[PDB]
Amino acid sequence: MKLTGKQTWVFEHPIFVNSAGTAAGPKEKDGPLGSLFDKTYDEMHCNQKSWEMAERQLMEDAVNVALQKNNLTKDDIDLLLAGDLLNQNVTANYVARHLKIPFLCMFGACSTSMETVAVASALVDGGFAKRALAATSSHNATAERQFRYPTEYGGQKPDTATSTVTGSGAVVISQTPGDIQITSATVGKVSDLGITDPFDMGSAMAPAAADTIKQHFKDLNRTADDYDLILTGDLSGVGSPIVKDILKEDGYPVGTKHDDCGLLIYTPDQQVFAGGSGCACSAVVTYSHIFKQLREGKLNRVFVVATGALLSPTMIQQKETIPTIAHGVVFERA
């Protein structure tokens, strides 16, 4: 079987990333990775009438640029796996309306990034799709109309807070040889240690990432030594240290091989509090900077773990806790 261990998929047929596209907003463009994005904007509106339309334009760009690079058209794709953090997945659904590609709407909060890639890889390895397209997007303002710090009460947004990344990433997956190769994926399970504070996501998601990372090592009988980098989605300032401790306390120290996209996307000068977040966070950083590091040879085997928080206002209203999840995928220099 392809299922190895408890939660890990090891693909039999070689699965590769044929092309990757990324688009990002102004704050991203001016960040330390801004020059690596395929498309950028100076205005959050992205030349659109509304925030929702902006996020859509971001995904449109990532998808088209990805298809363009591999000299492909929407008709060369068999499956489309996408999802966004805004309810009903408006972004993906409307973009899918345009692509007219058999659509499988995914959603795992800010872990959608790797969810879509993991299942897409499995469907291409299982022979259900010759070519698959996995995409995700996020917009600072759209996510703000859904949830925001109630300033009207005079309090101040805590340092534990984070800032949603404005951008989108898309990737093309198939059995056709490429520079980057997807070798395994670990599907995570829901974790809930009891966190209730909706403003400290880092500490809430840390356990989920550690769980998935730990189960992944055990499933493949591997350790941190088997990777050049263990990249986490958006644990940011608060969660990064916490995940490194839990891993160490579990006998699987990640040491200095760990890093987080939310810490790489921006610079501590762009007033982004703890660090970056959002579905687009892990996606834009991986599809541009970590794919590149891998192509250039600066890296060989990386483990990307997108983390997500499944918390709604109505639930926190009923004294419920904040469940979290983490999904991981292993990328390697072909």
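All residue numbers are counted from 1 along the displayed sequence.
Higher-scoring stretch by recorded Cα B factor average, 11-19 or 307-315:
The recorded data point to 307-315.
204-212 or 259-267, whichever carries the higher mean Cα B-factor
Averaged over C-alpha atoms, the B-factors run higher in 259-267.
In the PDB entry, which of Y227, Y252, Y94, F128 has its C-alpha at the highest B-factor?
In this record, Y252 carries the highest C-alpha B-factor of the candidates.
Candidate residues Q181, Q146, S174, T232, the one whose C-alpha B factor the record puts highest:
Highest C-alpha B-factor among the listed residues goes to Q146.
Could you tell me which third, lowest, middle or highest, the C-alpha B-factor of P241 occupies within its chain?
Its C-alpha B-factor, which the entry lists for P241, ranks in the highest third among residues of this chain.
Compared with the other modelled residues in the chain, in which third is the CA B-factor of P158?
It falls in the top third of the chain.
Taking the entry's C-alpha B-factors for this chain, is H98 in the lowest, middle or highest third?
Middle third - that is where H98 ends up once the chain's C-alpha B-factors are sorted.
Would you mind ranking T223 by its C-alpha B-factor against the rest of the chain and naming the third, lowest, middle or highest?
Lowest third, going by the recorded CA B-factors of the chain.
Can you tell me which third, lowest, middle or highest, the CA B-factor of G297 falls into for its chain?
Answer is highest: the recorded C-alpha B-factor places it there.
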